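Working notes for the structure below.
Taken together, the values in this text are just the output of simple stated rules run on the coordinates, not laboratory data. Here the Cβ is made from the backbone with ideal geometry for all residues, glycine too, and neighbour counts use every protein chain on show.
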Amino acid sequence: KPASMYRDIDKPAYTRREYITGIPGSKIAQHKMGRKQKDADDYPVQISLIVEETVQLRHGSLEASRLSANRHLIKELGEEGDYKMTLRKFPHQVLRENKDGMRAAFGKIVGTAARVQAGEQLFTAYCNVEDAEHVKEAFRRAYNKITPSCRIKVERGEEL
Amino acid sequence: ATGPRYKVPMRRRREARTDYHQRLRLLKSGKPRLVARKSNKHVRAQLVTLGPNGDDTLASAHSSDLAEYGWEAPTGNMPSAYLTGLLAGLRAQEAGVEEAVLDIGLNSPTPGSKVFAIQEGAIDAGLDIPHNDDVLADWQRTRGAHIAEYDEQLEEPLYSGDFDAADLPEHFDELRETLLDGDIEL
Amino acid sequence: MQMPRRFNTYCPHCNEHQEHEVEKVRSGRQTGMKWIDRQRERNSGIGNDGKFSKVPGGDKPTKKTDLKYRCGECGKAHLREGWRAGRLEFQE
Amino acid sequence: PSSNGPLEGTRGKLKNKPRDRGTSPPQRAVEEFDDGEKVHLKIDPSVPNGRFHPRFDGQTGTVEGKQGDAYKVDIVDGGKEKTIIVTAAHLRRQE
Amino acid sequence: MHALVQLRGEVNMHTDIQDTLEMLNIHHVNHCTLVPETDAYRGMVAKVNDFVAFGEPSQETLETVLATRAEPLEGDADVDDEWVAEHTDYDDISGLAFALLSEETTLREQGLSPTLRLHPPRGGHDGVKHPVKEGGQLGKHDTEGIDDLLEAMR
RNA sequence: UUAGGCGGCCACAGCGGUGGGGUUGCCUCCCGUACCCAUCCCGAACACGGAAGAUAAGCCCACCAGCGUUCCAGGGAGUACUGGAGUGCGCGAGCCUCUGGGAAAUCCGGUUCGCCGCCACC
RNA sequence: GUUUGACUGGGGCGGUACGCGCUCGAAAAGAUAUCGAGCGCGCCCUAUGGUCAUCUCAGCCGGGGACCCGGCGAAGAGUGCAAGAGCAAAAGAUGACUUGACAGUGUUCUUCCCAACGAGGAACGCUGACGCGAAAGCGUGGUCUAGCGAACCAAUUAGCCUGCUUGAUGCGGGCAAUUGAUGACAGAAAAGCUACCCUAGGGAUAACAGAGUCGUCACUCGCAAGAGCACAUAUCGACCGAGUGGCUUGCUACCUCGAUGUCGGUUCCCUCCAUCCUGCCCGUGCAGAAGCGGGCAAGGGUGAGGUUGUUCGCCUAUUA
RNA sequence: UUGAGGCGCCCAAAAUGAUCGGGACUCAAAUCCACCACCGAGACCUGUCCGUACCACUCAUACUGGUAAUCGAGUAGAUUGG
RNA sequence: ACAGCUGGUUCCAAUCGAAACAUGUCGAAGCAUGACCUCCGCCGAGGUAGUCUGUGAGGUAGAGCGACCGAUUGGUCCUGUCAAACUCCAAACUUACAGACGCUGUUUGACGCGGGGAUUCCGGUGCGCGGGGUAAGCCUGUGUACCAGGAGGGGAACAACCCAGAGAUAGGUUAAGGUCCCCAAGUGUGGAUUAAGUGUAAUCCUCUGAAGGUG
Ligand SMILES: C=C1C[C@](OC)([C@H](O)C(=O)N[C@@H]2OCO[C@H]3[C@@H]2O[C@H](C[C@H](O)CO)C(C)(C)[C@@H]3OC)O[C@H](C)[C@@H]1C
Ligand SMILES: [Cl-]
Ligand SMILES: [Cl-]
Ligand SMILES: [Cl-]
Ligand SMILES: [Cl-]
Ligand SMILES: [Cl-]
Ligand SMILES: [Cl-]
Ligand SMILES: [Cl-]
Ligand SMILES: [K+]
Ligand SMILES: [Mg+2]
Ligand SMILES: [Mg+2]
Ligand SMILES: [Mg+2]
Ligand SMILES: [Mg+2]
Ligand SMILES: [Mg+2]
Ligand SMILES: [Mg+2]
Ligand SMILES: [Mg+2]
Ligand SMILES: [Mg+2]
Ligand SMILES: [Mg+2]
Ligand SMILES: [Mg+2]
Ligand SMILES: [Mg+2]
Ligand SMILES: [Mg+2]
Ligand SMILES: [Mg+2]
Ligand SMILES: [Mg+2]
Ligand SMILES: [Mg+2]
Ligand SMILES: [Mg+2]
Ligand SMILES: [Mg+2]
Ligand SMILES: [Mg+2]
Ligand SMILES: [Mg+2]
Ligand SMILES: [Mg+2]
Ligand SMILES: [Mg+2]
Ligand SMILES: [Mg+2]
Ligand SMILES: [Mg+2]
Ligand SMILES: [Mg+2]
Ligand code: NA
Ligand code: NA
Ligand code: NA
Ligand code: NA
Ligand code: NA
Ligand code: NA
Ligand code: NA
Ligand code: NA
Ligand code: NA
Ligand code: NA
Ligand code: NA
Ligand code: NA
Ligand code: NA
Ligand code: NA
Ligand code: NA
Ligand code: NA
Ligand code: NA
Ligand code: NA
Ligand code: NA
Ligand code: NA
Ligand code: NA
Ligand code: NA
Ligand SMILES: [Sr+2]
Ligand SMILES: [Sr+2]
Ligand SMILES: [Sr+2]
Ligand SMILES: [Sr+2]
Ligand SMILES: [Sr+2]
Ligand SMILES: [Sr+2]
Ligand SMILES: [Sr+2]
Ligand SMILES: [Sr+2]
Ligand SMILES: [Sr+2]
Ligand SMILES: [Sr+2]
Ligand SMILES: [Sr+2]
Ligand SMILES: [Sr+2]
Ligand SMILES: [Sr+2]
Ligand SMILES: [Sr+2]
Ligand SMILES: [Sr+2]
Ligand SMILES: [Sr+2]
Ligand SMILES: [Sr+2]
Ligand SMILES: [Sr+2]
Ligand SMILES: [Sr+2]
Ligand SMILES: [Sr+2]
Ligand SMILES: [Sr+2]
Ligand SMILES: [Sr+2]
Ligand SMILES: [Sr+2]
Ligand SMILES: [Sr+2]
Ligand SMILES: [Sr+2]
């Protein structure tokens, strides 16, 4: 289905699994990536990806982006390069669809999304001053698969 | 103690000195409480009224100042208890107090116990307290017959300092007697 | 809930306390000499009757316990309300 | 609502804050008021008997005599005047 | 002492606000009242902040206005020094004007109508769709600004 | 209050800890079961009677902030949110200005190791 | 001769949101809708009720998943049943006593916010009688909020009133109250077909068409994993993301029910471009020939036939 | 070399005849920041009159005088004079 | 014939002026009882639409959760996220009562009380907050102002957007909005940007334009 159906925030927060059922499983396979044993302070550079508009990101978008995003870093830095990217958000908001007529319209659970207020960090990478351009390119790809426009901001990087 | 959600009992309950659940029932009558409390060596009998910042004591009576009138004997027995009661009963009679409800505190409603024996004295003093006759001890044990007949089982004085060997429950009568006297400085 | 065959209770009579039994109304028959045995033939004839041409109605998923509290020394009884009980046992 | 019972939607108003749990002090379940006195109606979650209909929490009434040990406070619901029977345990002297 | 001036109509304005205005003895657009400065009086103007123009006028202007727009409690009688003196515990406009500002008396306490029915601002005002800060005419004003208007509404 | 009884507020009073305190005084632990009373078994408790001993508990007194809690300073923050107004902006979700209010988390620094009432008493 | 209800994103089918209780929706007083989300009640118990005495629970640790001793332990236990709430020297557990789940009559609130309305319900009094306790006191059922029902008729109960001139006997009329149910739950005893139809009306309400919407459908774009023997980008192209159209479908119920004739076809006229051919172009996995993909472009053209009412589609032979 | 902001450009396909109402406008007749002068209601101010309500006078609800910043829109409907 | 259903019901003016909602109803195209409109009589001094302050009620926004609760990462304590049916926190704000100021009432009698007569119980829109639905000129709440039942001015036309609430007549100044022409008023002033006719379109079914990109 189109993201148009669930990109804005207009329903009440809907996440009480204790009342909701048939909630589809997350398509996300890893929130921690790269060398997840090292640390964030172990790196000079810390570039995160910031969402410019508050929205909802269906897990299919997170994974779709996170994938092609990280997949780049794996390519340009090796399946064991010296980096560690992270996706801090999680798909809590449950999404329904009324699939009859308008009678008894409450839908049936079909997905999960992550509410991300504008200005927040969807992703946060940690790399060495060299691969800083491979991470920026790794985000240029990722922000093409989520709905909002974004900013690639450096949290620690005087090397420029 | 643990965190915010924690619940610490009302002070007087931690201390384990006031039985609020029972207290309430008491406080209801509207009548002053005839507080009866024991002690290893002593026995007190306060007459409390309720107040804006805490209970008020309109009339007490401690077994210690029981000697103040001529008591040369111990201060933690039936004779003692009764008397102390009748003493406070009188003082209270001197404050405008006419009726009260026995507040035996954390003690036990045991038959013939010093408390009921304390309650019996305040009644005799003229006060009006809801009681149960057959729960009070027999006039004699109130006097000290139970103890006198114990020293009969002598061989060794019932007491240390000499009040007397055979003990004088008559003294009980002597003191009680002295209380019904109008003069007596309360 | 059961029901003690003989419990100590009050009664709107002797202003005192004795023993009251427990007996489920055994009711009575149709007199035949009542105001309904006559107007049953007077409110009929040929056709319909309305209340006489009607039939009995159903019941609730339970039946309240209709009683009669007989007395010991006395010998008479009164009437209180009943409770919706599937059954009941006047223990002994 | 979904049901029209007295306690409908009264989770909030009829419940003590954690540290106010358990039995309540007797000092206020015995408080004596004088006819005419203004009092604030507020139910004590810890207290069971002597409660007025929840819908009246927050009302400031005027003691116009008492029934038994309980009081008969006068209040005005919207525009209709009503006589509420409440026990001291659920009352506070105004001002 | 502040000069309250209704600059926005009644249609569509909340009722509790309009009721406040009428409480402040102001019933029509362009009508003006001189309100003290207490907590109570503050709450009211604050609440009317959007359909009014207010501030403290210069003794000068306050006079210019009183002269041109003050009225008895009933009548056409011009409120001029003579009038003022013959009825008010004062001796002339300036005398009155000073008290109002010093907050000693009130147009009513004297026998003047609480309202000063002004005339449309000559040359127009700075608009009723924005405050004074945004370049409009609504809200609190500069003792000079307030005058600029009241002056213009002789 | 050189140690007590009854309380109100019911953690600022909790939790944890250190140090001091008692010859006929107080409170206790304590000594003991003939009686009133007592234990589904126990004088443990409850109840009764009494001082040979003790200040080790308790309790009272002084103090400690590590945990919990109350309030306060500064920082967060006039930020989040928000009552009123706008021919202000934005495709839009939404944002902004003016006016009146205004947090929470957290951090650092103070406070807090109870307060007050009546009665009795070297 | 009549009956055969109502609700309803039209009606039918389905369902019950048709009487009740709880949390959320509900926007920090009160009130608050939808075929709103989660879920219940139509009883059950004579002890599983009442009081008094004694006592403290889950779970955990250590000493000998039964038992026993000690320690930590404000409550996570238990309290009949939904949910929310109350409760620890108790409202929970044990023991014993007890049967107040008693008679009767009221006040108040609720039922029905505000604001009139019955039954039912609750809190709170008084009179009588009881139960427990030393006593204050507690018991008008189970800690609170669900477990409920009018008249008529029948039965039943205490005392009293009364039945046509009159006495006796018999049988009746009545005051007061209990039980038996109407769940469509403020109560009718009660099935269907009608294309043979009929009337009153409705665009208060469906079907064609219009209009809004665009999930669906058609088309595009972004990023470009992947393959294409090597090579993303000759060509193909997933995922995800952004959109355009108003041809499909669905949705809504705004317009029309004192009627806007309903599919397909035909005939005749105008148009759109997202282009099938034709003109001019670019790339090629462009030798040529023949293609494949793309750009500009709507001047012109885009035909005849076999099955099927078919639209669509399948099939034949011609065709630039 | 890199950060930021402004206006604009690409993305951008529909059916009888194109559109900001039209004309047409480019150091503007656009946009943004300021400023000056004007035009423009039945609103506001003002002269006179009318109705209505209230006051004085009055038998009057007939005159006369007075007050209204705080009276003057209205479907269903209630009320009343003609 | 009956109908709760469609149509129609004839002169002037003055005062006030709705309800399209609650409870029950074989009730939903109808009634009844309330709310609300109006008229009459009675009572006789207070009343409370605004604000401020004092004494109270509250768990929505926000926030947070080694504070409960249930969700929800990873690493050898540290680290990553949530909640309509969670809460150690917590507004704005709404709300009871009282005082004060304001306003109002005691010849215009308020507040209140009794009685007669209604209409009404298809609502709609804007805005704020909502719940459902991809959406809707959707369905269904709530507070509020407006349309209905509201002229006049402006917005090209246009119930509800802006100004404005309006006796007659008249002079004047303004409001919204506008000043190149059509068209009353500037081809106004200082300065900058734009080269696309971007634009000359407050709001909107109505005025689109997006992700992405732009020596
Ligand atoms: C409880 C209910 C009972 C009743 O009251 C409301 C009514 O009582 C009834 O209908 N039947 C009864 O049967 C038992 O007692 C009587 C009653 O009347 C019978 C005649 C009937 O009233 C007309 O035909 C009867 C034959 C006189 C019979 O005699 C024994 O109505 C509903 C049925 C309602 C559900
Ligand atoms: Cl004691
Ligand atoms: Cl039976
Ligand atoms: Cl009540
Ligand atoms: Cl051919
Ligand atoms: Cl006339
Ligand atoms: Cl008006
Ligand atoms: Cl042009
Ligand atoms: K038609
Ligand atoms: Mg019948
Ligand atoms: Mg709530
Ligand atoms: Mg005047
Ligand atoms: Mg002008
Ligand atoms: Mg203007
Ligand atoms: Mg020591
Ligand atoms: Mg806009
Ligand atoms: Mg129907
Ligand atoms: Mg009902
Ligand atoms: Mg509420
Ligand atoms: Mg029967
Ligand atoms: Mg019904
Ligand atoms: Mg017909
Ligand atoms: Mg329609
Ligand atoms: Mg035709
Ligand atoms: Mg083309
Ligand atoms: Mg052509
Ligand atoms: Mg053919
Ligand atoms: Mg007329
Ligand atoms: Mg007239
Ligand atoms: Mg929240
Ligand atoms: Mg109409
Ligand atoms: Mg001109
Ligand atoms: Mg254009
Ligand atoms: Na269906
Ligand atoms: Na006959
Ligand atoms: Na409490
Ligand atoms: Na046994
Ligand atoms: Na010691
Ligand atoms: Na039927
Ligand atoms: Na009733
Ligand atoms: Na579209
Ligand atoms: Na369509
Ligand atoms: Na055709
Ligand atoms: Na062509
Ligand atoms: Na064919
Ligand atoms: Na009319
Ligand atoms: Na008919
Ligand atoms: Na109806
Ligand atoms: Na009807
Ligand atoms: Na006043
Ligand atoms: Na919010
Ligand atoms: Na309606
Ligand atoms: Na209006
Ligand atoms: Na117009
Ligand atoms: Na143009
Ligand atoms: Sr929504
Ligand atoms: Sr994007
Ligand atoms: Sr007959
Ligand atoms: Sr027959
Ligand atoms: Sr049934
Ligand atoms: Sr011993
Ligand atoms: Sr728009
Ligand atoms: Sr869009
Ligand atoms: Sr401030
Ligand atoms: Sr038929
Ligand atoms: Sr249908
Ligand atoms: Sr109860
Ligand atoms: Sr059949
Ligand atoms: Sr046929
Ligand atoms: Sr070609
Ligand atoms: Sr077709
Ligand atoms: Sr086919
Ligand atoms: Sr084209
Ligand atoms: Sr008029
Ligand atoms: Sr009129
Ligand atoms: Sr009017
Ligand atoms: Sr509210
Ligand atoms: Sr010019
Ligand atoms: Sr210029
Ligand atoms: Sr863009």
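For chain C, the relative contact order works out to 38 percent when only alpha carbon pairs closer than 8 Å and six or more residues apart are counted.
Non-local amide H neighbours of residue B:59 (under 5 Å, H modeled in plane, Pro and chain starts lacking H): which ones? Under 5 Å from the amide H of residue B:59: B:47. Considering helices alone, the calculated mean residue ellipticity of chain B at 222 nm is -9500 deg cm²/dmol, with DSSP H runs of length four and up weighted by -39500 (n - 2.57) and normalised per residue.
Centroid-to-centroid, using Cα positions, the range C:1-44 and the range A:29-99 are 82 Å apart. Within the range A:1-68, all pairs of alpha-carbon atoms sorted by distance into 10 Å bins from zero give the percentages 13, 36, 33, 16, 2.
Under the simplified labelling scheme, the residue E:68-residue C:62 pair shows an inter-label distance of 8.7 nm, with each label point 7 Å from Cα along Cα→Cβ. Considering only E:20, E:3, E:85, and ranking their Cα positions along the charge dipole of chain E that arises from unit charges at the beta-carbon of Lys, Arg, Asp and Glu, the one farthest toward the positive end is E:20. Under Stokes-Einstein, with the Kirkwood radius over Cα pairs as Rh, the value for the range B:55-98 at 10 °C and 1.306 mPa s is 146 µm²/s. The GluC sites (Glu not before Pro) of the range A:8-54 that DSSP puts in a loop, and whose beta carbon has at most 12 other beta carbons within 10 Å, are A:18. In terms of surrounding Cβ atoms within a 10 Å radius of their Cβ, D:47, A:129, B:97 rank from fewest to most as A:129, D:47, B:97.
Helix content alone sets the calculated 222 nm mean residue ellipticity of chain A: runs of n ≥ 4 DSSP H residues at -39500 (n - 2.57) each, divided across all residues, give -6000 deg cm²/dmol. All Cα-Cα distances of the range D:3-95, cut into 10 Å bins from zero to the largest, leave 16, 49, 30, 5 percent in each bin in turn. In sequence order, the range B:25-35 has phi-based couplings of 3, 5, 2, 4, 2, x, 7, x, 7, 8, 4 Hz under the Karplus curve 6.51 cos²θ - 1.76 cosθ + 1.60, θ = phi - 60°, and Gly or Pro positions carry x.
Taking amide H as placed 1.01 Å from N in the peptide plane, the amide H of residue A:93 sits under 5 Å from that of A:113, A:115, each at least 5 places away or on another chain. Computed on the range A:68-160, the Cα convex hull volume stands at 130 Å³ per residue.
Qualifying GluC sites (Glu not before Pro) in the range C:1-35, where qualification requires a DSSP coil assignment and no more than 10 other C-beta atoms within 10 Å, comprise C:16.
Unpaired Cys in the protein assembly as shown, meaning no second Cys C-beta under 4.7 Å: A:127, A:150, C:11, C:14, E:32. Restricting the calculation to alpha carbons of chain C gives Rg and Dmax of 19.3, 59 angstrom. Each peptide in E:56-68, B:156-168, B:116-128, B:47-59 receives the mean, over its residues, of other Cβ atoms within 10 Å, and ordering these scores from highest gives B:116-128, E:56-68, B:47-59, B:156-168.
Using all pairs of distinct alpha-carbon atoms, the Kirkwood hydrodynamic radius of chain B works out to 17.7 angstrom. When the charge dipole of chain D is built from unit charges on Cβ atoms (+1 for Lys and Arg, -1 for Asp and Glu) and taken about the Cα centre, the candidate among D:36, D:63, D:18 whose Cα reaches farthest toward its positive end is D:18. Expressed as an acute angle from 0 to 90° and rounded to the nearest 10, what is the orientation of the C-alpha long axis of helix B:78-93 relative to the principal long axis of chain B? Result, in degrees: 60.
Shown here: chain A, whose C-alpha atoms stretch 61, 27, 24 Å along the first, second and third principal axes, sorted largest to smallest. Put simply, the C-alpha atoms of the protein assembly as shown give a gyration tensor, and the ellipsoid matching it has half-axes of 74, 51, 44 Å, longest first.
Rounding to the nearest 10 and keeping the result within 0 to 90°, find how far the Cα-based axis of helix B:169-179 lies from the longest principal axis of chain B. Approximately 60 degrees, to the nearest ten. The mean sequence distance of close C-alpha pairs (under 8 Å, at least 6 residues apart), as a share of the length of chain E, puts its relative contact order at 29 percent. Rounded to two decimals, the Cα-based Rg/Rh of the range B:142-186, with Kirkwood Rh, is 1.12.
Rounded to a whole number of µm²/s, how large is the Stokes-Einstein D of the range E:11-71 at 10 °C and 1.306 mPa s, given Rh as the Kirkwood radius over C-alpha pairs? Taking Rh from Cα pairs, D becomes 125 µm²/s.
Roughly what angle does helix E:143-152 make with the longest principal axis of chain E, taking Cα atoms, 0 to 90 degrees, to the nearest 10? Approximately 80 degrees, to the nearest 10.
Loop-located trypsin sites (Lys or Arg not before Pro) in the range E:24-131 (DSSP state other than H, G, I, E, B) with a sparse environment of at most 14 neighbouring Cβ atoms within 10 Å: E:122, E:129.
Applying 0.36 nm per residue to the separation of residue B:67 and residue B:2 and subtracting their alpha-carbon distance, the gain on full extension is 18.4 nm. Shielding of peptide B:26-33 by partners, expressed as the average count of other chain Cβ atoms within 10 Å per residue Cβ, is 2. The HN-Hα couplings worked out from phi for the range C:70-87 by the Karplus form 6.51 cos²θ - 1.76 cosθ + 1.60 (θ = phi - 60°) are 6, 10, x, 4, 4, x, 9, 8, 10, 9, 10, 7, x, 10, 5, 10, x, 8 Hz, whole numbers, x standing for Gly and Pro. Here the range E:58-113 is described by how far its Cα atoms reach on the three principal axes: 27, 19, 17 Å, from widest to narrowest.
FRET efficiency for the pair residue C:85 and residue C:5, taken as 1/(1 + (r/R0)^6) with r the Cβ-Cβ distance and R0 = 25 Å, rounds to 0.95.
Pair-distance distribution P(r) for chain E, from all Cα-Cα distances in 10 Å bins starting at 0: 12, 44, 34, 10, 1 percent. For chain D, the relative contact order works out to 30 percent when only alpha carbon pairs closer than 8 Å and six or more residues apart are counted.
For the range C:55-63, 3J(HN,Hα) computed residue by residue from phi via the Karplus equation (6.51, -1.76, 1.60; θ = phi - 60°) reads 10, x, x, x, 9, 6, x, 6, 10 Hz, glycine and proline entered as x.
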